[PDB]
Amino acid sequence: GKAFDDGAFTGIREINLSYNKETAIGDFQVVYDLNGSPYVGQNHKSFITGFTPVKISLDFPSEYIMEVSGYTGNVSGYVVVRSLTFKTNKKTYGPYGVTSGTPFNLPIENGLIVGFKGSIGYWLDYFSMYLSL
């Protein structure tokens, strides 16, 4: 698949991903905050289509993600990210996708997620997050 690396910004204003209840996470795009102004991130798209798009609009800067979690599992022989859930200091968005497989979770006690990187083929194969004060 295609690897992506958004790099680091000053925060997150919105997450736009897509998923399919039978497979996994498909597309992933973030509208970051860059020094007080929105910065529209690159849309990282699946090589296939047919997913359900979702928009998570955060009340930035008062609202921010505090925990990211989800599931990794097999889909047609590939270990990929099947589900994601973003929990902010104000609400929970998700789960989006199939909550089956092996769970993972990243609670943040102090600090902020300020960037994403990973790789997407037919589905989101893996991802990492930039963290900063």
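Residue numbers run from 1 along the displayed sequence.
Mean temperature factor over C-alpha atoms, higher-scoring stretch between 26-34 and 71-79: Per the PDB entry, the higher value belongs to 71-79.
Quick one: higher average CA temperature factor, 112-120 or 17-25? Averaging CA B-factors over each stretch, the winner is 17-25.
Based on the deposited C-alpha B factors for this chain, I'd like to know if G101 is in the lowest, middle or highest third. Its C-alpha B-factor belongs to the highest third of this chain's values.
CA B-factor ranking of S46, expressed as a third of its chain: Middle third - that is where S46 ends up once the chain's C-alpha B-factors are sorted.
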